[PDB]
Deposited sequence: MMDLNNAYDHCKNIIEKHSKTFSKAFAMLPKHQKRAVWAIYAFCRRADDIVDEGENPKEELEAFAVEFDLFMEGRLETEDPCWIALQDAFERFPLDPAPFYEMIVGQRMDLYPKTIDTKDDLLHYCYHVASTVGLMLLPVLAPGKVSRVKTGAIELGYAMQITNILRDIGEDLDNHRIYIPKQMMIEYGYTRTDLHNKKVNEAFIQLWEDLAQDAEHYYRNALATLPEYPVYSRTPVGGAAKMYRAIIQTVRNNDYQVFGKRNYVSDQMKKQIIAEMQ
């Protein structure tokens, strides 16, 4: 039944994201469950590309499942698809950003170099802003057009934050999301990055991206009054909690070659939102 299939998706979000489970547990019942289902879609697709043994074939098999899903002919016992089917039934979810999300996951299948900041935003749009777009009909039922730009920019904001915390982790998987033009601008070589060096040039480049993330966070938060009241604390809380990763890395002297917002800090952000 629906409660079991949603409970499965609740287990996924609570296992993989402390920040987003605590934010979204504050939504009303049916919005919260739909976000759980939307989350499990995103998290499966990202796990295929980033952690599956055969990512080209697994993701293509995942997208075919979604084509069948969207045509209402996917018949299965998989709780995530049963939860998503109700969510799509219960709220006017748009499939466009769901597809766009898969197009973004495709980008991580083969070697790519981010050259410019726009390259970076293009990537961030497809793997993170799309998720913002998937959620808006649940979060802002009648006001999607009024809040869409801020949702997109909140996407940029959090993906850059995640990239900025995961520099070493991404290097060890032979991924670089730092724009090459910035590395040239600040004199931070690939040899420097290979030697996991935190010098003044690295900090300059990190801070330049971090301030971009911060402007986007600010834009997104400026749209929070346009959300319905029940969405303001979960959306605002999730943003501030994730934004707090940046300052965490600052207080740890930018050591991103070995970072969590603390549980207590997370609660402080929530309480301030309340």
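Gaps without C-alpha coordinates occur at 1-2, 261-262, with positions taken along the deposited sequence from 1.
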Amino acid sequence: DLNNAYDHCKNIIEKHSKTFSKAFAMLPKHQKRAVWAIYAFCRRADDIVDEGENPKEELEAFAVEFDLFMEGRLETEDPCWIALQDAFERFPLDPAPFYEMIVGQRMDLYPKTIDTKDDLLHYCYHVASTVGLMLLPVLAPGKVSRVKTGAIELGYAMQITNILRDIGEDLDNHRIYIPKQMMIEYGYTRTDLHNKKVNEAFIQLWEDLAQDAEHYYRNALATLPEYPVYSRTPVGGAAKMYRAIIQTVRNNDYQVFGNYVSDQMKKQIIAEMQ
From here on, numbers count along this sequence of modelled residues.
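Whichever C-alpha set is largest while still superposing within 1.5 Å between the two forms counts as the rigid core.
Put simply, when the other structures in 4 other deposited structures of this protein are lined up on the rigid core, the C-alpha atoms of 109-117 lie farther off than those of the other stretch, from 109-117 and 159-167. Legend: mean Cα B-factor per stretch from the PDB entry, 50-58 versus 27-35; the higher mean is in 50-58. Checked against the record, the higher mean CA B factor of 150-158 and 72-80 lies with 72-80. By the numbers in the PDB entry, the CA B factor is greatest at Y110 among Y110, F88, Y123, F98. In the deposited entry, the Cα temperature factor of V103 places it in the middle third of its chain's modelled residues. Among the modelled residues of its chain, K180 has a C-alpha B-factor that falls in the middle third, as given in the PDB entry.
Among all modelled residues in its chain, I203 ranks in the middle third by Cα B-factor. Placement of the Cα temperature factor of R165 within the chain: lowest third of the modelled residues, per the deposited record.
For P92, the recorded CA B-factor ranks within the middle third of the chain. Only modelled residues enter the ranking.
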